[PDB]
Structures are given as C-alpha cells and as structure tokens.
Ligand SMILES: [Zn+2]
C-alpha cells in the first residue's frame, strides 16, 4: 500500500510537470511576442517601436538588473567598505574621527565627477557614512579613544580604523560601480523581462 | 555630450565585428600584429590599443545625433 | 575561516566567491578561478576517495527505539482523536469543519 | 405544499371560491374547503457565527 | 507549421550539428570540445588577406 | 416561496463571503477583513472600513475604482507576491516595466491577442501571432501601410 | 564489477567512467543489424527490372 | 437611519471640500477640518437636513485663477436624477451665470440623463459623481500616487527637455476616477510622483486622451 501511494504521488508530480511544460511554453511565447518591441534608448527613456514612451526611466532609477549586487540594491556599502579596507590597508596613516570623516566625505563628494550621479545614491552614501561615523564615535567613547592621536595603547585604533585614502577609494569604487551598473542603451529590455518572467 | 561616456557592450561588439570584417577584406592594420591569423584578435588588439578608425554616431529618438570617437569613449 | 559549500561556491544566490571575483576584478579572473577549481577539486576527491555504501544508510539501535516509541505515541494520539470525533464532541479548529 | 386529488391524483392548486379558499384540481371538479389553519414549515438552516480565523 | 511560425519566425539553417554531450572538467568554462568528424563538415569562409 | 428565501436583507450583493483575519503581531493583535467578492467600491464605502488602506486582487476593479496608477501598483504587488510565494525572486524592475507596458495607454490591456492588437500597430506582427487571415484581410481592406520599425 | 566513487571528475552529473581494458576484452561489445531491401517488379508492359 | 446617513453626508461634504481645495478653489481651513460635531450643529437629523438646497454650495470660487469664476455643487434628493432635474439645474446655473457645476447623485444617473448631460453645452460643464465614490477620498489612498496638473509652461519645458510631442506621452482616459476627481480635460498633462521603496521618488507624466 505504501509503494502504491508513493507511485500515485510520483505520477501526480509527473503529470503536473507535463502540464506545466506546455502551459509555461505558451505563456512564454505570448509574453515574448508582446514584449519584444521595447528597447532602451540613449536618452534613458524606454520607447516602443512606434516611438511612444513606456517609461521615462527604466525601473525609476535606471540600473541593470544583471549588475545588481545587493537585494534589489546597486551596492552593499558594508561589503564594499570591508573590501576597500582589506585591499588597501594604510599603516602609515592615522585613523579618522567622526568630524574628520564627515568633513572629508563632504569635500570629496562635492567634486565634478559626482555631480552627474543620481541624488538618491549620493543620499545613501551620506547615510552610510553618517552611520559608520556614529559607530566610530560610539567605539571611541566606549574605549575613550582621543581624536588627537596620542592615546598610549595604539591597538585601540585597530577597532574601527579608517584613513582618508580608504575613504577616497571607497567613494571612487562606489561611483564607478554605480556608473557601470546603469542600463546600457540599445539593450532589448522587453525580451529580457519576458524571459525572466517566463522561466 | 549628454549620453553615457562609457562604451556599451553592444557598441564594442559592433565595432569589433566591423573592424574584423574590414581586416578580412584587406584593410590596413595600425598595431603591427605579431602572428595573429584571426581578424577578430587583430580587432581586439586595435580596440585595446585605441587605434580603431571608427566613430560611433549615436542617434537620439527625436532625430538628433552625436559623434563619439572610440579613443574618446571609455572601455572596460 | 569557514568551509566552502553551496552557499559560497554554489549558484544559489549572492555572496558567492566567484561572484565577488567577477564584480571586483573582472570576468577573466573569475573564469580562471573557476577553471582552477574544476581542475583541482576532482584530483583531490579522487586521491582521497568518496564512496557510499549500504552501511551509510542503515539505522541505529537507538534510532529504531526512538522510531518505535514515536510511532506508538502517534498511533495512540490518532486513535484518541478518532474516538473523540466518532464518539463525542471533538474540538473544532477555526475556519474548518470537524473532519 | 404539494397535495394531490384523491380522485385523479393531480396537483391541487389553491383558489378563492365563493365562500372560502379551497384546494382544487385543474382536471376534475373535485374541491376541498379549508376549515382550520394549515401550515408547512421549512426551517432553513441559518447563518452561523463564523470565527476569527487567523 | 505555418509560414509565419514555421518558415519566418523559426526556420532551419545549415552549418549546424546536433550531438550528445559528455562531461569534461579539463576545459575552460568558455571553451567547448568539438569532434574531428563534425569539425571536418562545418566549414568557415575565411577571406585571404595579407 | 422559492425566491423569497434568497432575497438579501443586508450586505453588498456582489460580496459572497467575508471573514475576519487576525494578525498576531507581538506588539498588538489586529483584525482585518478578507472579502471573497468583486466589488471594491462598495467595500470602501461601507461604514467602519478604512478605505485608504484597502487593496484588491482583481486588477480591473482597481483600475475602474482608484485609477490607472492604482492598477499598476496592484499588478506589481500581486506579481511580486505570487512570485515570492514560490520562493523565487525577480527584480522589481521587470514587473514594473511589464505593468507600465500594460498601463501606458490609460487602460489595463492584457497580453492576449486583443490587448496585443490594441497596443501594437504593426500588421505583420499581429498576423504572425494569431488570427493570420483575419488580420491580413482587415489590413488589405484598410490599406494600412506597415513600417519596418 | 561497479565501484561507487568519484574519479577524475568525469562523472559529475549521472555520467560514468568505463575501463579501457574491460571494453577491450569484449565488455559492452554490441552488434547492429540493418536491412536493405530492393524490389524488381514487372510493370504493365512486357518489361522487367534487370 | 439618522446616524449613518448624517455620517455619510458629513464625509461627502469633507471629500467635496478636499476636492475643491485640490482643484484650487477657495475654501477656508474650517471647511476643510470640519468635525462631525459641527455638522450635527448645522443639522443633526435626516429630515431636518436638506439634500437639494441645504447642502448646495455656491461660494466655491477659483481665487488662484479668478474670483469671478464660480463653481457649484448639487446634491439631488431623488435616487435617480431625471431630465427635468438636469434642466432645472441648468436654468438655475444660467440665472446665476455659473459655468462649472457638480452633481452628487445618490444611486445613479439614467442613460438618457447621462447622454443629455454629456451634450448640455460646451460652456456649461457638469460632472457626474456618485455618493458611493465620494465616501472615500481617492487622493488619500495609499496606492494612488500624488498627481499634479501641470501648466502649459511646464508642459512646454518638458517637451523641450525631452524633445517629445503631445501624442508621445503616456495616455490616461478622461473617465479615470482621478481624472474626474481633478476635472482635467483633453490636452492637459498630469505629473505623478510615485513613492519608491527607497527615500527617492519616481516622476512620470501622463496626457489626458
Ligand atoms: Zn384532482
């Protein structure tokens, strides 16, 4: 009886998959035949074949879903900061405090190459910088680390160690990733959407 | 000047294909190939050297156009 | 630290070492790393030996005892519920009937 | 409710006669006057209180 | 099997083959092995250049 | 005697079944209404119902009641929820593009042949998808010139 | 004599590794027989296929 | 009755005030923030409350555009409005020289009355509104984004920045609930601010057609 019930379940699954194959095949055919006309133009506006605009900007922001590092987000600031700290450790430079970190961030972000970047990404960068600066402040207040750089135990500076070089590297890497993660004009976005919804 | 300064993968592909076809059609080489019998390899070498004499003509949907040099654009 | 698994080397989701290589150092580095892994893992797996036998799936004495006790308890509770429903009033869960 | 004539067995409609309402058959002169009250309850199942699932 | 679906949208082409697959981890991810028998049939037109 | 027992005395005729769902959040246990009907306007118009936070599954009702943007948002949320139920995730940009393409003419047009014809204009594509002879003869009658865009 | 184990990574997904000497000594050797039929029929006229 | 009817009337009045404020008409803060106690003080019973006359509004004037422009709001008492009532409202607006008027029906509009209202006059603009729809404000709904009717200058700036035409913009039917809520006509453009998952917003545009 147990073997018969197991065979029943197996055949049920088999027929389910058999119906699913054809059903999803038809659905994919329809979705692709309907969405094969859209394309990303050079002015960041998704337009149909007749010239009508479907979206003034793809996804509201204009980022490539294939180049999405985070969960529906362009970058994971924590991972990028850790990678920058690990790849470029500067032992000959002192650590930065909250005020110094905020000052260098505001001075670097106001450059020309950062003007063309979207405002939301800059606001997210500012929020992450403020968060890490508050964390550094809390750490230094817990361990009484002085911003002057004359504390006797230097190992205390290794808890949250940040140098302006690492800050600049992090900002440049984030900007480059955000610029290279945008929708490249000419891509058949409609067909990609149809396939990603059909599969 | 308003479009993205980065050279997309589609532009890369089309430029490489056109240059490979031209080289296969007895076009002059500007990188002094070293035993490369494959035209696509020569095209990739010219792209990496930024010596492809091709200017992309990006058209806007309304009708406006803009010229961008291969050496002027940014490659990855 | 840590041991590699599908969560780090598999094609499940982000946080994959090959994904980090692709996003940090380009495509060629990730391809070379994948080739090196595909060329190294088989050699070590063959030199070490990995096999499965009937003894790898046989149950233990304590396992059989626990299974027997659990089956007895479950059958007793099922019989109690059957007796409660057939003869008497059984607590009806919300949003559904007694059966 | 459904009632039948003892004569032929067809359904009995209710009609207003010259003195009082009466059951009558459409295929014969048989009639039956109503003397006392006649009722036919159905007792529908009501709505029950349903519960706060969740 | 109409003209739109059978001869315009999807149509058969030449210079193509169909074969069974087998594992081979000694090749790169961007590389594929082709048998000598099929390689001698599928030809590529190369233009004679300098 | 056969129709009187089925005459409504209270409630919306379109509503067939409504249940009291409860969310047991640790902060507070709240109650909501899950209605298995096809009338959102009546549900929102009823007393004691917070019409500002009322959603629905039928896209046509949302379109007809709260506009086309509400229909787009409902389509996006419903597709995302249906996809998450199976444990598989899709980038929100794909569903956003789909909903916009379905809601760029002011009316929710489906992917079927009817909506595809109402949206697209190329004769060759419509003839290739479905209704080949019908669309071809209609174009020959209208003399509609089809571009190669 | 099958041995359940991983070897050379050439048996990743459902594939199996065969022994060269086993196949050399007759293991798995198979025979395929095909038929080729021809007909020499007489037509209406007094002529036959030769 | 006498408890839910007055509540519906108060909520409809508040929704009409919010709609007039969104359209740009002149309405004081007291009319916008009107509690149920004030409505009871005005009328606390159904028979005492006058739907056809006691609830009518004539002070609605577009102070931002021109004080001379006047808008009227009607509340027919009968469930279904006939041709005679529409003609009476039209001649009343003619006497009072009012071009824009609203009709808040109770149950619906007869097909003949609808067809007549459609072709009353290009100068006499009357919009049909069901009380069931006005019991909830469409703008306050979480799904409905923020809509703002753009002026001709903003439309020209948009078309110049994007180098587009009017027909190339996304369409939105005139019969859309939001379209009738704002009373936008053919040719006008509406900017929509969709709230994204992040702190940013997505700005789009739609043309009435
Ligand atoms: Zn009878």
Search result, residues across segment A:32-50 that are out of contact with any helix residue (DSSP H, G or I) (no Cβ under 8 Å at 6 or more places or on another chain) and within 7 Å of chain F (Cβ to nearest Cβ): A:49, A:50
Which members of segment A:82-116 meet the condition of being in contact with a helix residue (DSSP H, G or I) (Cβ under 6 Å, 6 or more places away or on another chain) and in a loop (DSSP other than H, G, I, E, B)? A:88, A:90, A:95
Could you tell me whether segment A:51-62 includes any residue that is crowded, with 16+ Cβ neighbours inside 10 Å, away from chain F (no Cβ under 14 Å), within 18 Å of the chain's Cα centre (by Cα) and part of a helix (DSSP H, G or I)? no
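In the set H:102, H:135, which member is away from chain F (no Cβ under 14 Å), in contact (Cβ under 8 Å) with a residue 60 or more places away in the chain, within 28 Å of residue H:75 (Cα to Cα) and surrounded by 15 or more Cβ atoms within 10 Å (Cβ to Cβ)?
Sole residue among the options that is away from chain F (no Cβ under 14 Å), in contact (Cβ under 8 Å) with a residue 60 or more places away in the chain, within 28 Å of residue H:75 (Cα to Cα) and surrounded by 15 or more Cβ atoms within 10 Å (Cβ to Cβ): H:102.
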Residues (at the interface with another protein chain (Cβ under 8 Å from one of its Cβ atoms), within 15 Å of residue A:182 (Cβ to Cβ) and surrounded by fewer than 15 Cβ atoms within 10 Å (Cβ to Cβ)) located in segment A:68-85: none
Search result, residues across segment B:1-28 that are in a loop (DSSP other than H, G, I, E, B) and exposed (fewer than 13 other Cβ atoms within 10 Å of the Cβ): B:1, B:2, B:5, B:25, B:26, B:28
By my count, strands (runs of 3 or more DSSP E) wholly in chain D with at least 3 residues that are surrounded by 12 or more Cβ atoms within 10 Å (Cβ to Cβ), away from chain F (no Cβ under 14 Å) and within 16 Å of the ligand (Cβ to nearest atom) are D:21-25
Picking from H:19, H:36, which residue would you name as being over 23 Å from residue H:183 (Cα atoms) and either surrounded by fewer than 18 Cβ atoms within 10 Å (Cβ to Cβ) or in contact with a strand residue (DSSP E or B) (Cβ under 9 Å, 6 or more places away or on another chain) (or both)? H:36
Could you please find all residues in segment B:39-62 being within 14 Å of another protein chain (Cβ to nearest Cβ) and surrounded by 13 or more Cβ atoms within 10 Å (Cβ to Cβ)? B:39, B:40, B:41, B:42, B:43, B:44, B:56, B:58, B:60, B:61, B:62
Looking at H:206, H:194, H:186, which one is outside any strand (DSSP E or B), under 22 Å from residue H:19 (Cβ atoms), within 23 Å of the chain's Cα centre (by Cα) and outside the structural domain of residue H:130 (by CATH)? H:186
Out of all the residues in segment F:114-126, is one or more assigned to a loop (DSSP other than H, G, I, E, B), out of contact with any helix residue (DSSP H, G or I) (no Cβ under 9 Å at 6 or more places or on another chain), more than 14 Å from chain E (Cβ to nearest Cβ) and surrounded by 15 or more Cβ atoms within 10 Å (Cβ to Cβ)? yes
Residue H:149 being surrounded by 20 or more Cβ atoms within 10 Å (Cβ to Cβ) and touching a residue at least 24 places away in the same chain (Cβ under 8 Å): no
Return the residues of segment H:184-207 that are surrounded by 16 or more Cβ atoms within 10 Å (Cβ to Cβ) and out of contact with any strand residue (DSSP E or B) (no Cβ under 6 Å at 6 or more places or on another chain); say none if nothing qualifies. H:200
Do we find that residue H:175 is surrounded by fewer than 16 Cβ atoms within 10 Å (Cβ to Cβ) and either farther than 25 Å from residue H:21 by Cα or touching a residue at least 12 places away in the same chain (Cβ under 8 Å) (or both) in this structure? no
For residues that are buried (at least 18 other Cβ atoms within 10 Å of the Cβ), in a helix (DSSP H, G or I) and over 19 Å from the mean Cα position of the chain (by Cα), scanning just segment A:157-188, find the one that is nearest to the other protein chains (Cβ to nearest Cβ). A:166
In the set H:140, H:146, H:197, the lone residue that is within 12 Å of chain F (Cβ to nearest Cβ) and farther than 17 Å from residue F:70 by Cβ is H:197
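Neighbour counts are summed over all protein chains in view; Cβ atoms, including those assigned to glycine, are modelled from backbone coordinates with ideal geometry. Basis: the model, the stated rules and, where named, an outside source; these are not laboratory values.
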